[PDB]
Amino acid sequence: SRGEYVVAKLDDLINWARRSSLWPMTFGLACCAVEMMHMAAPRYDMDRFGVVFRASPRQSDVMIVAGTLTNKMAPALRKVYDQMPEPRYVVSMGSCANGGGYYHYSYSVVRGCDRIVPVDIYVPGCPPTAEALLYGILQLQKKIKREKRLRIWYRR
Amino acid sequence: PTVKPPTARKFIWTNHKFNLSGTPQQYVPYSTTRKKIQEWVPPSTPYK
Amino acid sequence: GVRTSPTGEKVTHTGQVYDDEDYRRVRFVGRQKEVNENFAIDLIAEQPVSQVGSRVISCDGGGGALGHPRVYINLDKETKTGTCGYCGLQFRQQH
Amino acid sequence: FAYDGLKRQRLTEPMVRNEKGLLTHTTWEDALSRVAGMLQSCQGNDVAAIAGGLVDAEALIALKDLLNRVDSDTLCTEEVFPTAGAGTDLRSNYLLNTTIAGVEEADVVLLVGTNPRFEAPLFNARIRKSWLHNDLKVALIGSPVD
Amino acid sequence: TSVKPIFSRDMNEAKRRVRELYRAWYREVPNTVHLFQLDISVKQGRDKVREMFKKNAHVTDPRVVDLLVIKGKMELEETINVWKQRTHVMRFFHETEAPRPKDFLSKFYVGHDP
Amino acid sequence: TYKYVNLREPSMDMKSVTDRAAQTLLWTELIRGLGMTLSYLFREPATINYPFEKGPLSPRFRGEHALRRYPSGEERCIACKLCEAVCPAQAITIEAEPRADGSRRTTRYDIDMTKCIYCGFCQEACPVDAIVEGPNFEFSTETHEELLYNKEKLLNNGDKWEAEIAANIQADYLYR
Amino acid sequence: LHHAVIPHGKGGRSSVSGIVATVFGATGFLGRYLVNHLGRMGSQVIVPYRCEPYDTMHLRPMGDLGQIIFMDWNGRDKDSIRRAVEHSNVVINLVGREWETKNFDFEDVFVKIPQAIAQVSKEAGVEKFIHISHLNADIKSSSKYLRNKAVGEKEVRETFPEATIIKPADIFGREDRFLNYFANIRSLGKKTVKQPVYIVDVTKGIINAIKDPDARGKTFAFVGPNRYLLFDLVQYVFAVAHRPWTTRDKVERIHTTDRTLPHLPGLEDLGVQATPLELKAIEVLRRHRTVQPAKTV
Amino acid sequence: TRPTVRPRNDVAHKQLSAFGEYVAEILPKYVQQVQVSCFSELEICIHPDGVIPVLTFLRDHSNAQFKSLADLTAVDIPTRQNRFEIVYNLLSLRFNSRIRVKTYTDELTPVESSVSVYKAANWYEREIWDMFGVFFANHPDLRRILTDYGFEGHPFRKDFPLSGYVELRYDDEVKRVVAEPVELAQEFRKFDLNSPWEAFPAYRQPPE
Ligand SMILES: NC(=O)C1=CN([C@@H]2O[C@H](COP(=O)(O)OP(=O)(O)OC[C@H]3O[C@@H](n4cnc5c(N)ncnc54)[C@H](OP(=O)(O)O)[C@@H]3O)[C@@H](O)[C@H]2O)C=CC1
Ligand code: SF4
Ligand code: SF4
Ligand code: SF4
Ligand SMILES: [Zn+2]
């Protein structure tokens, strides 16, 4: 049909523009911040993918939770998540953000940031390398590329 | 590996698969152990 | 050496498979149950028994330091082979 | 080595008889209601209880007080001890009064009607230790067991 | 049995300090309901303050109630100076926690805890 | 054995004062900084073309975990639980039993990859080189429980990456 | 009862509640809070979703790992319904649209899909089935919503004879279309009498209907403790929210009075204290700010 | 014992023993023990009423001049009735030396704050309040420093469990991060590692 073709091409356009202009807000909590900074450093250079370095939280498209989430900061994480405009994504970077990690059995650590915010990409490592984080960001772009917002809207 | 080939084994995958996450072929975890306690099955005949 | 339950589910090399009335099969709906189809119990049976001319044999698994710790296997029983407790290779005195 | 029977043949859920007379799984509410509805219709010797060989003192006094609320004194064990004479009134006529340790202090042990090697194997091991170190004299009235 | 005091020489000075801490919390509850924009009433927050004070009402040691007044002053300073968020104030109201079985029979039904 | 950073007295003759005033009024060090930024403008950047170009790794690299085999197909793991004893984050969960040929083998070998600190104490505690931490670092998932590897997943990582893992161990086993 | 579905733990996130729930329509207003209250017990929750997977992200922190299983389903595909319900011990229906669409009218959403779900849940061996009708459901109703929902209630009752059918009156909450409709309309005042019910009361009633074996085959009516006229209720909405998308079917439903059904059980028969509007309307309408309470009848 | 054994420093042992005698006899009102370890570290174990007079001495005396507070530490030892052991690591830059000043308290006896001697202590003993519950009298702003704001319990006490008593999660009903009792999906596996054989006969305690 014509309408299905039109909403498919518009889905492809808006998914292209969203995955090719991802703006991150990095929670530089712990040691994974150093490796996000290496993913911004000139060897890997996220800025050539259209992924800018340190966009403000009220204009960013993806929240990279890079470090250990403690109990004292989990409401601040959730408040910054609630202040992000949609579509917002969450990359969980490294073991403490993924599942608690080396501080999993601690009294003061949230056992993974997925107890606090919905998470799209889990990037494993302690820390994951800057290349592994850039792999996770390209996998997030591939996840955005196969979104079907207007096709489901046309089929609802 | 054209110059120094890898050592061939009967269990090394002939078909390398890429990252299957987000597909129907992704990894789903489960407990690989069997049942620990055995339950008592009552008899299928009546007790009269 | 994988077989299949009547539910259609592959039994793992441990022997694990969910029951039919077990709800935990729902995790594989639309997805797959990843099993390894190279059973080590079926592959170590395929090895030939090494006929040696000695009474005590040593096994390290091959490769020198890339194998297991070097153990010594007695071969006095002519009824049964002498199996390495690490790698599963088995040995027979040739007399 | 009997701990592997502790994970086989286990009772895990309450069972009641259905309309076909077969045991079927149920809840604790339904099972305790169906037992208590019959227990309220009992009085005196209408209800009795047999204690098994593996029952702790807490469940024993629990079921004793429960049947004493119905005024039932018929509470039994599987193992017969004779009630003639003193019975279970004095403790001394149903105990190992000497001790397990006091076997080390005896000089003649008389064993009547028992195979203590299997009925109480470490009591027999203590008798053997006193046999070996104290030159204990042992006699047995019964079948000539090892 | 001669111990060094924290603030109170006896229990009457201790009750004076308990009383002044309760006065400060009682005054603070409407401001706490307002600026944290809570979903509770001022009366319900004062009920929670009274519940937390009555929870410790069996202590007879002056040093223990001196530490209780010190910790209450610390929680009060964390409430007045807006250092707690809304979540720390609402943790006194165990709202998402399902009510536990209290009698014998429901604890028998749910599991093994006495 | 020590030196004084910033303990210089500037010269007060008219030459040096006029040098400092030409610096102040004519912005000489600001043009120096613009010159250094212009100098990096005309350099070749250090940017590799990921994913087509890859960061250089060593054979010691500690990435994704893999249970290995012998050159007969028999799995190397003989269920000794040294890896989970040494595991600093308690990521390794092991259950074992004698299997049908009487061999000491695991029935559970789980690694929570979100507890794992990727320090490789398991592969150096392992007496038979069964668990290794292989060279894969590109294994990001979309779901948390996809990073909860059981024995099937780890044996499949071994079968997947063994041609590379064996060569890395061949490079580094004389340092171990 | 299977050993993996015996309840364990202390009723928390890592516990096992023994509830395997397939919640159709879980991405809506009721499904949000029902999956939040199921997954906080340690329940296996199958969420069959129609929409974009992004639009299901908020359901993911609601339970422990592996406790929420997302899968695709189509309403006109019985195979996807069987694929979703065949491991569950309870199936909850929450499929609803306030408005009819080009591909789904009120009969597809309220008659065809609930009868399909209940038929497949009967022929898959599911123990418990909960369906959600409306309190004002009637064949002789002026709105097409209430007519098709009464028809669908009748068909659910006749094809799953042990279905717990639940009648909420007008559910108010943070994501409702009852207080948020009146707070964003800025349609008129008539003789309509309503008793709205709070969403957490509805969710606690649904979970108590899951846990109660006496709720099989019952028809509950979830209403609030206070009945209001429509006019002073709308004036209370505008007074709390500090103020001085629709169709004609929604207008017919707002101008339809909430009926009194004393012969049907309610929230008190499931152990639920119905929360009044005066505690929760400030929590709902705090978003709408840039009060004497409404008179009850 | 040359290659693998640590070389013993006898000169520092003799000098720190002489200075420990020096401090023990200048301040006999508070000094309880003086010990020097085999790796030459001096410990002055004092009475807790002499926190200020001893630390003011070592900071200000012309033969001590321990001007730097390296670290301030508590240790929970529950078998002692004074279970908390407060440790003052001090550095003299003039004599290039380190000293340790150790005292004790239980849960209820306050220790005098040493912010008047070392301002560095302002956070350290503040942390000893947060982690151990040791109250410090006349501290300028004594409150918690590391735990969450509603945190009950003093975590580095050894009767406090490893995972706590509560855990957080976001709850979408109340739209808020909430605290619940902790349930672990995998329990922390306690390992009993200690060998049943005596490792160090020099540390053998006399039996009962
Ligand atoms: N005040 C109220 O809301 C009241 C509601 N009810 C009933 O309760 C139920 C839930 O209400 P509510 O949360 O407000 O409704 P919503 O509109 O918020 O959500 C209903 C859900 O049904 C799904 N759905 C709708 N149409 C279809 C379809 N054709 N095929 C598949 N899925 C579909 C939607 O999925 P998706 O996100 O993909 O669109 C959504 O998840 C409804 O049945 C409603 O009639 C009863 C009384 C009062
Ligand atoms: S995953 Fe590891 S390196 Fe990363 S922040 Fe956590 S502790 Fe630091
Ligand atoms: S790399 Fe370290 S943390 Fe990871 S499984 Fe091995 S020992 Fe455990
Ligand atoms: S992987 Fe190695 S260390 Fe771990 S149990 Fe197996 S053989 Fe032992
Ligand atoms: Zn071998």
Side-chain angles (χ1 to χ4, degrees), chain A residues 26-38 64-70 92-104 106 109-113 122-130 132-133, chain C residues 44 47 50 57-64 66-73 81-91, chain F residues 61-67 70-72 74 76 78 81-94 103-104 109-134 147-149 154, chain H residues 189:
Chain A
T26 300
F27 269 95
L29 305 179
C31 335
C32 268
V34 175
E35 203 78 32
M36 175 267 165
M37 289 160 71
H38 277 282
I64 298 167
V65 181
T68 308
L69 185 68
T70 60
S92 176
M93 182 185 177
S95 291
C96 300
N98 284 324
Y102 197 34
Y103 308 96
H104 179 82
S106 175
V109 176
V110 183
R111 291 170 184 88
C113 70
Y122 291 85
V123 181
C126 181
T129 64
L133 180 65
Chain C
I44 200 61
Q47 296 299 110
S50 178
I57 199 63
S58 67
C59 185
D60 58 354
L66 298 177
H68 64 80
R70 187 176 66 242
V71 294
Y72 289 91
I73 302 165
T81 65
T83 306
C84 178
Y86 287 96
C87 68
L89 292 171
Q90 49 191 353
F91 298 93
Chain F
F61 176 71
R62 303 202 298 266
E64 191 177 6
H65 293 278
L67 287 170
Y70 288 110
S72 64
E74 178 62 37
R76 285 174 174 267
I78 35 84
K81 301 180 178 69
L82 262 62
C83 57
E84 73 172 358
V86 80
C87 182
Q90 288 188 357
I92 302 165
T93 308
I94 298 168
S103 181
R104 181 182 169 102
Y109 197 88
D110 298 336
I111 294 171
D112 192 354
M113 300 296 285
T114 70
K115 293 184 188 179
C116 178
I117 75 170
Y118 297 90
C119 73
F121 290 182
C122 51
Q123 68 177 353
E124 71 191 10
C126 186
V128 293
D129 295 332
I131 189 64
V132 294
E133 193 169 1
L147 291 174
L148 271 66
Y149 291 178
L154 290 167
Chain H
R189 285 169 287 170

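A note on names: the letters A, B, ... follow the listed sequences, proteins ahead of strands, and every chain is numbered from 1. Side chains are part of it too, since the values below use all heavy atoms of this structure and drop only hydrogens, waters and symmetry mates. Start at 1 and go down the list; that is how both ligands and their atoms are numbered.
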What is the nearest protein non-hydrogen atom to [atom], stated with its residue, atom name and distance?
atom	result
atom 8 (Fe) of ligand 2	A:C31 SG, 2.3 Å
atom 7 (S) of ligand 2	A:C96 SG, 3.5 Å
atom 4 (Fe) of ligand 2	A:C32 SG, 3.0 Å
atom 1 (S) of ligand 2	A:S95 N, 2.8 Å
atom 2 (Fe) of ligand 2	A:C126 SG, 2.9 Å

Need the ligand 2 atom indices (1-based, order shown) with element for anything under 4.0 Å from a heavy-atom of [X].
X	value
A:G94	1 (S)
A:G67	5 (S)
A:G125	1 (S)

Within the structure provided, determine whether [X] and [Y] are in side-chain contact (heavy-atom separation under 4.5 Å).
X	Y	result
A:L29	A:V65	yes
F:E124	F:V86	no
F:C122	F:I92	yes
F:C83	F:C126	no

Protein N, O or S atoms lying under 2.8 Å from atom 6 (Fe) of ligand 3, listed by chain and number:
F:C122 SG
Euclidean distance, C:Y86 OH relative to F:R76 CZ, rounded to 0.5 Å
12.5 Å
In this structure, does ligand 2 have an atom that sits under 4.0 Å from one of the heavy atoms of A:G101?
no
Classify the angle between the aromatic ring planes of F:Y70 and C:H68 as parallel (below 30°), tilted (30 to 60°) or perpendicular (above 60°).
perpendicular
Looking at C:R70, I'd like to know if its CZ atom is crowded, meaning that more than 12 non-hydrogen atoms belonging to other residues, nucleotides or ligands lie closer than 6.0 Å.
no
Could you check whether atom CZ of C:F91 has more than 12 heavy atoms from other residues, nucleotides or ligands sitting under 6.0 Å from it?
yes
Do F:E84 side-chain atoms and F:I94 backbone N/O form a donor-acceptor pair below 3.5 Å?
yes
Run the side-chain donor-acceptor check on residues 112-119 of chain F: report pairs under 3.5 Å with partners two or more places apart or on a different chain.
from: F:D112; atom 1: OD1; to: F:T114; atom 2: N; distance (Å): 3.2
from: F:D112; atom 1: OD1; to: F:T114; atom 2: OG1; distance (Å): 2.7
from: F:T114; atom 1: OG1; to: F:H144; atom 2: NE2; distance (Å): 3.1
from: F:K115; atom 1: NZ; to: A:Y105; atom 2: OH; distance (Å): 2.5
from: F:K115; atom 1: NZ; to: H:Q186; atom 2: OE1; distance (Å): 2.8
from: F:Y118; atom 1: OH; to: F:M113; atom 2: O; distance (Å): 2.7

